[PDB]
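Asks: Contents are PDB, C-alpha atoms; file name final.pdb:
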```
ATOM      1  CA  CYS G   1      -1.839 -12.738  77.266
ATOM      2  CA  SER G   2      -3.863 -10.056  79.082
ATOM      3  CA  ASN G   3      -2.947  -6.484  78.132
ATOM      4  CA  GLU G   4      -5.010  -5.327  81.184
ATOM      5  CA  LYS G   5      -2.853  -2.247  81.619
ATOM      6  CA  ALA G   6      -1.931  -2.254  77.902
ATOM      7  CA  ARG G   7      -0.296   1.214  77.609
ATOM      8  CA  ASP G   8      -2.776   3.364  79.534
ATOM      9  CA  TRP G   9      -2.680   4.007  83.285
ATOM     10  CA  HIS G  10      -3.256   0.823  85.343
ATOM     11  CA  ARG G  11      -6.697   0.697  86.980
ATOM     12  CA  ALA G  12      -4.490   1.343  90.015
ATOM     13  CA  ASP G  13      -2.383   4.092  88.388
ATOM     14  CA  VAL G  14      -5.694   5.836  87.806
ATOM     15  CA  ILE G  15      -7.111   5.522  91.327
ATOM     16  CA  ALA G  16      -3.746   5.220  93.143
ATOM     17  CA  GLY G  17      -2.393   8.223  91.209
ATOM     18  CA  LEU G  18      -5.615  10.250  91.597
ATOM     19  CA  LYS G  19      -6.430   8.990  95.141
ATOM     20  CA  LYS G  20      -2.856  10.041  95.975
ATOM     21  CA  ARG G  21      -4.398  13.441  96.748
ATOM     22  CA  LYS G  22      -8.112  13.132  97.554
ATOM     23  CA  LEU G  23     -10.068  11.462  94.715
ATOM     24  CA  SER G  24     -11.990   8.181  94.393
ATOM     25  CA  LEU G  25     -14.126   7.088  91.405
ATOM     26  CA  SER G  26     -16.883   6.793  94.049
ATOM     27  CA  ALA G  27     -16.594  10.438  95.184
ATOM     28  CA  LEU G  28     -16.377  11.934  91.669
ATOM     29  CA  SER G  29     -19.486   9.919  90.781
ATOM     30  CA  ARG G  30     -21.851  11.293  93.450
ATOM     31  CA  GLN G  31     -20.187  14.728  93.187
ATOM     32  CA  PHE G  32     -21.840  15.042  89.735
ATOM     33  CA  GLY G  33     -24.711  12.546  90.327
ATOM     34  CA  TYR G  34     -23.908   9.666  87.930
ATOM     35  CA  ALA G  35     -24.103   6.496  90.071
ATOM     36  CA  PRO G  36     -20.697   4.973  91.007
ATOM     37  CA  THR G  37     -21.332   2.333  88.300
ATOM     38  CA  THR G  38     -21.236   4.927  85.494
ATOM     39  CA  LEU G  39     -17.871   6.405  86.502
ATOM     40  CA  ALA G  40     -16.409   2.878  86.889
ATOM     41  CA  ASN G  41     -17.850   1.529  83.603
ATOM     42  CA  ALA G  42     -16.277   4.658  82.049
ATOM     43  CA  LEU G  43     -13.013   2.650  81.862
ATOM     44  CA  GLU G  44     -14.106   0.330  78.986
ATOM     45  CA  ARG G  45     -17.554   1.726  78.030
ATOM     46  CA  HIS G  46     -18.085   4.007  74.993
ATOM     47  CA  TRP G  47     -18.231   7.368  76.834
ATOM     48  CA  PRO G  48     -15.187   9.662  76.424
ATOM     49  CA  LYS G  49     -17.100  12.302  78.459
ATOM     50  CA  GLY G  50     -16.661  10.171  81.619
ATOM     51  CA  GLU G  51     -12.866  10.445  81.353
ATOM     52  CA  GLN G  52     -13.236  14.238  81.172
ATOM     53  CA  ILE G  53     -14.750  14.170  84.680
ATOM     54  CA  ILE G  54     -11.640  12.341  85.956
ATOM     55  CA  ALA G  55      -9.015  14.310  83.993
ATOM     56  CA  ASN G  56     -10.824  17.512  85.034
ATOM     57  CA  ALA G  57      -9.875  16.722  88.648
ATOM     58  CA  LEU G  58      -6.182  16.764  87.633
ATOM     59  CA  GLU G  59      -6.824  19.934  85.591
ATOM     60  CA  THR G  60      -5.198  17.878  82.780
ATOM     61  CA  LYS G  61      -6.534  16.316  79.542
ATOM     62  CA  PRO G  62      -7.815  12.692  79.240
ATOM     63  CA  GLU G  63      -5.198  12.245  76.467
ATOM     64  CA  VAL G  64      -2.652  12.082  79.339
ATOM     65  CA  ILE G  65      -4.207   9.106  81.175
ATOM     66  CA  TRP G  66      -5.080   7.211  77.917
ATOM     67  CA  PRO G  67      -2.427   8.215  75.307
ATOM     68  CA  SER G  68      -2.417   4.931  73.297
ATOM     69  CA  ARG G  69      -6.158   5.387  72.664
ATOM     70  CA  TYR G  70      -5.637   8.937  71.356
ATOM     71  CA  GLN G  71      -3.078   9.142  68.508
ATOM     72  CA  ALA G  72      -4.746  11.174  65.731
ATOM     73  CA  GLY G  73      -2.082  13.827  66.583
ATOM     74  CA  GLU G  74      -3.174  16.772  68.768
TER
END
```
Output the structure of this file as structure tokens.
Replies:
Amino acid sequence: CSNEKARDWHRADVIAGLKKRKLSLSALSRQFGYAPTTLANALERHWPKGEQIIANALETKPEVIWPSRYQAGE
């Protein structure tokens, strides 16, 4: 019924995976300035630039945390 964690990283695979080192949507938010609400709402809101902030911490690409949303190829 609820896809919640459809194919992308669970809301917990995001924070649990990231927080596994030293990251929390609350810290990355004030580290750049955007209130904690912005970073959080960046999970379902229209703002692909918010995922860059998170993926940047893993030195990876957002296409790795949300692959089923990106499929136009490369």
Asks: Got a sec: who's within 12 Å of residue G:9, counting all atoms listed in the file, leaving out chain neighbours fewer than 6 positions off, as a VMD selection string?
Replies: chain G and resid 3 15 to 18 43 62 to 69
Asks: Would you please work out which residue, of G:73, G:4, G:14, G:33, is nearest to residue G:55 when using only C-alpha atoms?
Replies: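 Of G:73, G:4, G:14, G:33, the one nearest residue G:55 is G:14, counting only C-alpha atoms.
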Asks: Give me the residues near residue G:53 as a ChimeraX atom specification, where near means some atom within 9 Å (using only C-alpha atoms) and where sequence neighbours in that chain fewer than 6 positions away do not count.
Replies: /G:28-29,32,39,62
Asks: For atom CA of residue G:25 and atom CA of residue G:37, determine how far apart the two atoms are, in Å to one decimal place.
Replies: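 According to the coordinates, atom CA of residue G:25 and atom CA of residue G:37 are separated by 9.2 Å.
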Asks: Considering all atoms listed in the file, state which residue in the set G:1, G:36, G:31, G:13 is at the smallest distance from residue G:57.
Replies: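 Using all atoms listed in the file, residue G:57 sits closest to G:31.
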Asks: Kindly provide, as number ranges by chain, the polymer residues lying within 7 Å of (-13.5, 4.8, 82.5), counting all atoms listed in the file and using the coordinates exactly as they appear in the file.
Replies: G: 39-45, 50-51
Asks: Which of these residues is nearest to residue G:70, using all atoms listed in the file: G:26, G:8, G:38, G:21?
Replies: G:8
